[PDB]
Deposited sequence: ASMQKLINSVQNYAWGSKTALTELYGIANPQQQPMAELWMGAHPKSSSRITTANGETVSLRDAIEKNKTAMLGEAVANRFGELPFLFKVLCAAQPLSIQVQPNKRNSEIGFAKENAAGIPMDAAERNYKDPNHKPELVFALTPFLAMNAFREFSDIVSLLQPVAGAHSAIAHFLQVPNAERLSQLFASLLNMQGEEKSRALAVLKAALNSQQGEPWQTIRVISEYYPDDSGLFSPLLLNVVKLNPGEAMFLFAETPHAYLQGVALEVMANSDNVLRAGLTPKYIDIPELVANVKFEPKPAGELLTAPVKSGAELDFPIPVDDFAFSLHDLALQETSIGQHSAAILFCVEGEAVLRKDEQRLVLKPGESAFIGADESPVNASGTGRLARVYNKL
């Protein structure tokens, strides 16, 4: 088959929505399980599968291993040696942890620092030496946090909780990167009476303070009542993405997914440094060494796409992946790339054609197109999301 309909894995993590994938796409869930992530790719823990001329399904990862140049293209093959991204539908029924991704050089350093002394333990920050760029694209209204607010923005939000902790008063007297870093670390490091004081003062402020981000803190607090993370909407931008909007998650920058359904594209790494809204241990010094305490203004948070014909590209400052949306109509458009691609039906209904082969995708279904099989022609109605490499 020139085009391969994907059989995909759904991770049933405890935080997933019991309904989102069913409401959006008709995906069955009779056991009423939490369906947290739908994986499109070649991850070894749970690769997508494809069907052979034969009738057998095979791992997409194994099929790529067997024919890398043909499937990935020479460029991706020689640079990555594998499908360099994982593509997901994320369906957060509750807020998730704050995270930070180290950049490439520090991932390499950290990965070698740690090898020299316990793989799947919980002081293991670097499970690998790859970086982890990500893009999120909203499928329903998507509440997230991303990056530090402008300092005057933080100063204004902290005033009502100045008495919460002395690190707050400290930042207020001189609101700079250094004191923001001390504040961030002190908040995460709070214990016992120090922490309960800080949390008591924050909970009370929620009665005197209306609107955002206070409202966001209320939402988080239903799931994380004793977490120092509750201060983070006062330091970090809270953003509500409308469906069709995207944000690229830069390295060294805190972020969190709080509510709603999105597509996510990432490079392949299981590194994560957590920075709150988690019960796990956090290595605060390592976290701090990997955060850029530089404000990001709200106007620069969303990725500005570029529209050319039926294609809306989302420019990504990283090589690991690219991402585009394709408006479908009756007349075919050619969708071609020098890499492997995964095409995913966001809404409507797509007919892919490659010569005589016709493959129909309904919303939520996806197909893999090997490098040797580009281009394919698309028609129908709605939109197709495409993940690929521009290299």
Give me the ranges of the deposited sequence that have no CA atoms here, in sequence order.
118-119
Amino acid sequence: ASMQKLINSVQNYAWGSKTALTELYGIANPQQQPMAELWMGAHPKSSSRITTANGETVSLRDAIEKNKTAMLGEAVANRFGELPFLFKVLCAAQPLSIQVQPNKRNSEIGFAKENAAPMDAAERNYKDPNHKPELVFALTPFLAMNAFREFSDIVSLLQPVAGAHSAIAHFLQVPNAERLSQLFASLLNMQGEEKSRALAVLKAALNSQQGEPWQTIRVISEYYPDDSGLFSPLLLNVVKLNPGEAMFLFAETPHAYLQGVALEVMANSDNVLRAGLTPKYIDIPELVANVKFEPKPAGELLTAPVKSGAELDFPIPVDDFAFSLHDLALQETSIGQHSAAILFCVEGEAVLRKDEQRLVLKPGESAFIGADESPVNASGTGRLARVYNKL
From here on, numbers count along this sequence of modelled residues.
Mean B factor on CA atoms, stretches 299-307 and 187-195, record says higher is 187-195
Stretch with the greater mean C-alpha B-factor as recorded in the entry, comparing 267-275 against 159-167:
159-167
In terms of recorded Cα temperature factor, pick the maximum from 247, 258, 291, 206.
206
Which listed residue, 83, 138, 312, 109, has the largest C-alpha temperature factor in the record?
109
Among the modelled residues of this chain, does the Cα B factor of residue 26 put it in the lowest, middle or highest third?
middle
When the deposited Cα B-factors of this chain's modelled residues are ordered and cut into thirds, is residue 213 in the lowest, the middle or the highest one?
middle
Sorting the chain's modelled residues by C-alpha B-factor and splitting them into thirds places residue 330 in the highest
Just say lowest, middle or highest third for the CA B-factor of residue 54 relative to the other modelled residues in its chain.
highest
Residue 69 by Cα B-factor - lowest, middle or highest third of the modelled chain
highest
